[PDB]
Amino acid sequence: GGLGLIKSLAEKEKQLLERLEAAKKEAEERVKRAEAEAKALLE
Amino acid sequence: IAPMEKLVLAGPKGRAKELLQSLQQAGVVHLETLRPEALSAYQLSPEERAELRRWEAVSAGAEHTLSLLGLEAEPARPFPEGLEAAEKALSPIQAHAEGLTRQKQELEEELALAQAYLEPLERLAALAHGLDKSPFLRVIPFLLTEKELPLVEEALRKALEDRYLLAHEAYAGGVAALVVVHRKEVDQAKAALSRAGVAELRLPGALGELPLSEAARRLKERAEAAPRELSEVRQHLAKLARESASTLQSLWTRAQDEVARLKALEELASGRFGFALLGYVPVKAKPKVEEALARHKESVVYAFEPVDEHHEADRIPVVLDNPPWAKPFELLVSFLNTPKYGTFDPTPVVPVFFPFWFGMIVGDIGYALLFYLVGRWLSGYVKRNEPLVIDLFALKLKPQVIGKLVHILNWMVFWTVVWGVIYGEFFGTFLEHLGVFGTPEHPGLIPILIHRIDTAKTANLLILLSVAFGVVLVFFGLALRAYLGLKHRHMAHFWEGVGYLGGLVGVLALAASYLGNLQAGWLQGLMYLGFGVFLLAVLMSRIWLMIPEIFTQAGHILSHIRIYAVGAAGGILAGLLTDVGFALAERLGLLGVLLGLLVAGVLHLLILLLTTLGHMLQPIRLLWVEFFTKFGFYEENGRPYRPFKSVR
């Protein structure tokens, strides 16, 4: 029903956005490791 | 009354856009906002807002182009194309029509302004053909009044008397009082003459802004050129309208559909790349809604949830849901507001009683035959499938409403001819010639149940029939109100209806006991129980719905005798007119029966056109005043079932 769709859409956007930002934080870690390897190879 | 269940769907944003286009194609469901909880307001896009503004501007330009073309907004099949190509097609015809209309309006104004001062400027130029623009003399010309030239020549005598050539030659529509002396002294004398009342011929454009002979030549050229130009402009405008009206109508239909989809997208609810829609739809369209949802992208969740209960149904829509035998009275039923979606649909009692009361109102069989002739005329007009157009009435009616009116007129005229056979009256009193009714005063044919002329044996029975019909309608309305109060579990209105019924019953019993006949033993406990039930419901309510309310309900019950009153009045009028006509025709000469019958038919048609509107309106007004108001029917006015349009 209507309120069921309200609750479901709220949970949808909550869990999908939380997965999105979790993956971008792991992307941040990948960027950090990549420049660490870059500077280690240059030195 | 329909069930009107709740219908919901969901999906992604553009998926909801496609499904909303599909739901606008099968527009059998009204929507709802439900913006409040745990979602966005679904402000779609600024690009979507700009595209909606562009399509709305295209629709407004198409409407203005149809208005300038003179055609009306008639719906048709849409034109499926892109917005840019449709705008490019619309703008060409709109620009051509706008330039043609501007040129036509300017040429008509120029022709009118030239004709307003055509001959007088020519006469003044012929009089002043020696000093037109000479640099020594200004010539104040004035289209002045009648032959009072000394009144304006007093200022010329106040100027140099043997100077200042000042006269009015001809063209008596306005006397061309031209005064020519100089520049400065003539300007002072022109100010003095305007103080005496004068005005220089300074027209707009260039004719009142150029030298006199050149402006005369240009005005003569415009007068010789304007009519063929206006005729060719009207011809080219008619050709452009006849060549572009169908394309403009299809573009207006497609633009109205796109603007409807754009405005309906505003009522959506966004879920951060998620969307849903909720609304109402009738239970008889669940298969149509399922077939519309069959074309969904992933067969989205068509939640056919139930409607609300007897309480808390406020934004729920409303529909008729009546029998097809009673489908024609829908316009008369919907002339008022809507019910409370759980209120009693009273449309069936309208076809049950308004025809039965209306036949008792009008009992003229000749008027029924004239109504059959007018209904055959309206049926031929509806079979021609043209819109019913009445310019002095400003009444434009579709063929469905005209067909419903014809069906209601037939259903009225059947019982009307039945009651006219019961009244024994055909076109007034045609029985004065051939006694189709059988009276004991003069037996001509089979006997009439009602002679409808005398009231010594008729008035008491007619008043009793009207009172019984009104009491039955009042009791049915009170019972319907009590049943609706029991259904809604609101015991205030239920106790009010039960007490009103008991008070009306006790009032009728005590009236028939005291002011009526003898034998006051059987109804004595009836009147006592009625007064006791009235007092007990007043104690159980304590709402101060006092004896004024009971007297108003009793007057609404007793007002049903107006039907018999109007029927007797119309019968007496028609019988008097027909008797006077037949007497002055046959008994006075028996040879002016042609002219006498023509004058009698003219007077009968005049009396019919004068009284039949009120005679037909009084029964429906009494029905709307009794059956609605006794059952309430004046609470919150309902909410309308407005689905997606697809206006076509």
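Residues numbered from 1 in each chain as written, not as in the entry; some residues may be left out. Chains lettered and ligands numbered in written order. Part of a larger assembly, values for the part shown. Heavy atoms only, no water. Residues with missing side-chain atoms left out of burial classes, pairs and counts.

Peer 1: Quick question: what am I supposed to make of the overall build of chain A here?
Peer 2: The helix and strand tally for chain A stands at 1 helix and 0 strands. Considering only C-alpha atoms, chain A reaches an extent of 60 × 5 × 5 Å along its principal axes. Counting over 43 residues, chain A shows a buried share of 5%. Looking at chain A, you have 10 positive and 10 negative side-chain charges, and the mean spots of the two groups are 4 Å apart. (Helix = DSSP H or I, 4+ residues; strand = E, 2+ residues; numbered from the N terminus. Buried < 20%, exposed > 50% of the residue type's maximum accessible area, 1.4 Å probe, protein only. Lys, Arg positive; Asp, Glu negative; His and termini not counted. Charge placed at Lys NZ, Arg CZ, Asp CG, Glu CD.)

Peer 1: Please clarify how the overall build of chain B should be interpreted in this entry.
Peer 2: Helix and strand counts for chain B stand at 18 helices and 10 strands. If one aligns the C-alpha atoms of chain B with their principal axes, the spans along those axes are about 120 × 90 × 50 Å. Sequence separation of 24 or more characterises 79% of the internal contacts of chain B that already satisfy a separation of 6 or more. (Contact = heavy atoms within 4.5 Å.)

Peer 1: Hey, could you run me through the packing of helix 14 (residues 491-516) of chain B against helix 15 (residues 524-541) of chain B in this one?
Peer 2: Packed helices, taken two at a time, are described by the angle their axes make and the gap between the axes. Residue and element names in this part refer to chain B. Running from amino to carboxyl end, helix 14 crosses helix 15 at an angle of 150°, the nearest separation of the two axes being 8 Å. Comparing their axes, helix 15 and helix 14 come out roughly antiparallel. As for the relative orientation of helix 14 and helix 15, their crossing is left-handed in sense. Here helix 14 contributes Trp-495, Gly-499, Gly-502, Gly-503, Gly-506, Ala-509 and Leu-510 to the contact with helix 15, which in turn contributes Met-527, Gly-530, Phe-534 and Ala-537. Counted by class, the contact of helix 14 with helix 15 contains 6 nonpolar, 5 polar and no charged residues. (Axes fitted to C-alpha atoms, helices over the stretch in contact; angles between N-to-C directions. Parallel < 35°, antiparallel > 145°, perpendicular 65-115°, else oblique. Left-handed = near helix turned anticlockwise from the far one by under 90°. Nonpolar A, V, L, I, M, F, W, Y, C, P; charged D, E, K, R; others polar.)

Peer 1: For this particular structure, what's the right way to read the pattern of salt bridges?
Peer 2: Any two side chains of opposite charge can pair, so long as their charged atoms come close to each other. All names here are of chain A. With a shortest N-O distance of 3.9 Å, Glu-28 and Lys-24 are connected by a salt bridge. Of the two residues, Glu-28 and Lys-24 are both situated in helix 1 (residues 2-42); the distance of 4 residues between them amounts to about one turn of the helix. The partner of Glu-29 in a salt bridge is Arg-33, and the shortest N-O contact between them spans 3.1 Å. In this pair, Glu-29 and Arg-33 are both assigned in helix 1, 4 residues apart and thus about one turn of the helix distant. (Salt bridge = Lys/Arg side-chain N within 4 Å of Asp/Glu carboxyl O.)

Peer 1: What's the story with the UniProt feature "coiled-coil region" (unreviewed entry) in chain B in this structure? I'm lost.
Peer 2: The feature "coiled-coil region" (unreviewed entry), as given by UniProt, occupies residues 97-124 of chain B in the numbering adopted here. Span residues 97-124 of chain B is 96% helix and 0% strand, its end C-alpha atoms 40 Å apart. (UniProt positions renumbered as here; feature names shortened; annotations may be inferred.)

Peer 1: Explain the interface of chain A and chain B to me, please; I cannot follow it from the model alone.
Peer 2: Many structure descriptions define interface size as the accessible area lost when the parts assemble. Between chain A and chain B, the contact holds 5 residues from the first and 10 residues from the second. When the residues that make up the side of chain A that touches chain B are grouped by side-chain class, the tally is 4 nonpolar, no polar and 1 charged.

Peer 1: Help me understand the sheet that holds strand 5 (residues 175-180) of chain B, please; the structure alone is not making it clear to me.
Peer 2: The strands that make up a sheet are held in pairs by hydrogen bonds between backbone atoms, and each pair lies either parallel or antiparallel. All names here are of chain B. Spatially, 3 strands are ordered 3-5-4 in an open sheet, and the strand pairing comes out antiparallel. Only two strands of the sheet have a single partner each, and these edge strands are strand 3 (139-144) and strand 4 (165-168). Taken pair by pair, the neighbouring strands of this sheet meet at an average axis angle of 10°, ignoring direction. (Pairing = 2+ DSSP bridges.)

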